[PDB]
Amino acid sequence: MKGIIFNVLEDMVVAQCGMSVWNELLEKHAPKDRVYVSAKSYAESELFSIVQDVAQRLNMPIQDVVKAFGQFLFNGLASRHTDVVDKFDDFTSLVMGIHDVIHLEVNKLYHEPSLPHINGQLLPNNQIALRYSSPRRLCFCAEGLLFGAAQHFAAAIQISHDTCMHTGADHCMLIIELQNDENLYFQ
């Protein structure tokens, strides 16, 4: 898990809970004097432990917290990698380019990142079938990231998530409906 994910998580926790809470989280779930260098890899368990702690503190379902983080995370990534996101002029283009363009770039930007396998298929009625697979099973982070991407393009979406690794499948199917964006008028 790359430090950049931890850095954006810090921004979120500091904004919601305060720096005092982040320092508690860091002291408890990470070794002494831990500093997350953006490009460096760290144990994903450190991230999960922190996020689980946050969920418990807020009395929220863990997957709702991960989804919220995902949405916050897209802007964190877009602002740190503006050149990557500026490759796309709309939401649908970006989603279809997650695997072959965005995460391909991430492999050039970072040393041996741990990334999901994603494949998007354009459907009728302005829908996208996004197939997600990963041993980390962060499909709800993916959901959040998609809502973040929609927000980035001033678009509105809905997601159906009825095939899921957490309900026993070896992949998740995220069915994305584009309800509105700047090029969508009546239909």
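Residue numbers run from 1 along the displayed sequence.
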* To do: Averaging only over Cα atoms, indicate whether 150-158 or 48-56 has the higher B-factor in the PDB entry.
  => 48-56
* Of the two stretches 8-16 and 172-180, which shows the higher Cα B-factor on average in the entry? -> 8-16
* Residue of maximum C-alpha B factor among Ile118, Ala43, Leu138, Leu123, per deposited coordinates -> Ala43
* Chain third (lowest, middle, highest) by recorded CA B-factor, residue given as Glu143 -> lowest
* **Third of the chain, ranked by Cα B-factor, where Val66 sits** => middle
* Structure fact -> Of the three thirds of Cα B-factor ranks in this chain, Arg80 occupies the middle
